[PDB]
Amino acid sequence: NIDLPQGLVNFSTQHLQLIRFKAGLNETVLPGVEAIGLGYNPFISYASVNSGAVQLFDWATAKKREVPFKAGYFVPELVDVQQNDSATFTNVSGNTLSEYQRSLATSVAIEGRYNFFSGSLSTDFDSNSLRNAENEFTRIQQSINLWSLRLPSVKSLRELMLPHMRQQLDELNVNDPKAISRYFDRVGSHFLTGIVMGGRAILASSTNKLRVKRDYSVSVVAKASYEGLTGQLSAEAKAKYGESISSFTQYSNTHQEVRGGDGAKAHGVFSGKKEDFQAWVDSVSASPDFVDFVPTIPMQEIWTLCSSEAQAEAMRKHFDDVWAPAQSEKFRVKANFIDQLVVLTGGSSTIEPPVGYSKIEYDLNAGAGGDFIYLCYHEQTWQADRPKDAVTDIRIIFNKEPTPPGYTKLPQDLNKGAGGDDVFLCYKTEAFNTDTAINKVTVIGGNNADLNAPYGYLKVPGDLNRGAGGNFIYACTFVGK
């Protein structure tokens, strides 16, 4: 029997009817033509029209041809239309946030080493989850495809442009870096060329990779959980994946999104009785929306519509050197790290350290008598200024060994008054480095000297009950990497 993650559906509608009205498109023009040729900022969202969006092309007056599979509807002759009446998955995952960002950015064919769909991070996932180095990330999208539209990058495209949009591009003052930035901000660095109309259901999840069942990959487990929530798991998938799904829900935070179809049936797609999902699916036909990309040609660079080589190269250069790095930097998010440790001592387990500090919940005199003692950490957020120093190493010293150079030494005795050796935690900090900064510290205890380290952690040598009895006790560290 299976625990499924609970949430509220976020239903999105795009503004397509209003975009069509603005373009003056006839109702015989296939749904989706209004989105082809839209100026696009590829940083903001995954396969969403930004409310900004300006059409470059005059599809109202362009020559049309009938859609063969949909009698009575028309598409510009230049636009290829492919029927695709199917349900497919567009799944992205990463073992780390940066790996998830790469995997998102490269889920479609867009050139440049940037955080391309990372504006989605602020709604797909939550702040604390994004910055927890214990977490991996999945985005499961089931697309309810009806058709796709493709605009091939043909030499005749400038001619199809709205005259005012063509003039605006041609008169861009490309000696002025601020004008080029503004043009990218207000019309786009790209334009849409390969879009899928229909519906989508999305489950975006942050999962504790150090605690979830590892029989299967998080992508597989996340997809099985999605299928659970929508009533689409077979009896065999339930038997095989049920335990994994339960673990997933115990160790994940999930976000539910629906687009396309009837908004009144959207809440309910994740109920999951199959009939509830299916009633939403069956509504997609009557209200398609832009939901996914044609992966091979999602969009073209806007300077391909420049008349001249000189203007195109000034715009490409500005993109790579100024505008895109500025955009991509708004989504550079690194995990919280530890920058300071204190020790707390007291007469019970409910003692609390001072305000910035959280207890590792293991009495460092466990089984040995004496005070309740807790190692406590301060979590620091990463900021591209400076940032600050990360704890990179912990070293336990005993009795009268000298503080190693230059470690800080916490002067409280991790054996007080349980007897035994005098035990002292030391640590060093260095300039923040992703390869080095300790994200998490824990403490383990056991009845034998050589304990199992928590998955992903390293044990710090030095028993924190050394010379007393009780348990063997070690600090352990985790570097997300």
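All residue numbers refer to positions in the sequence shown, first residue = 1.
Look at the C-alpha B-factors of 204 to 212 and of 273 to 281. On average they run higher in 273 to 281.
Mean CA temperature factor is higher for 386 to 394 when stretches 386 to 394 and 187 to 195 are set side by side in the entry. Comparing the listed residues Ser51, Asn439, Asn448, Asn41, the entry records the largest Cα B-factor for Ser51. Per the PDB record, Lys178 has a higher Cα B-factor than any other of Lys223, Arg259, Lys178, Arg150.
Placement of the Cα temperature factor of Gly32 within the chain: lowest third of the modelled residues, per the deposited record. When the modelled residues of the chain are ordered by C-alpha B-factor, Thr434 sits in the highest third. Annotation for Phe319: C-alpha temperature factor in the middle third relative to the rest of the modelled chain, per the entry.
Among the modelled residues of the chain, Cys476 sits in the lowest third by CA temperature factor in this PDB entry. Per the PDB record, residue ranking by Cα B-factor puts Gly119 in the lowest third of the chain.
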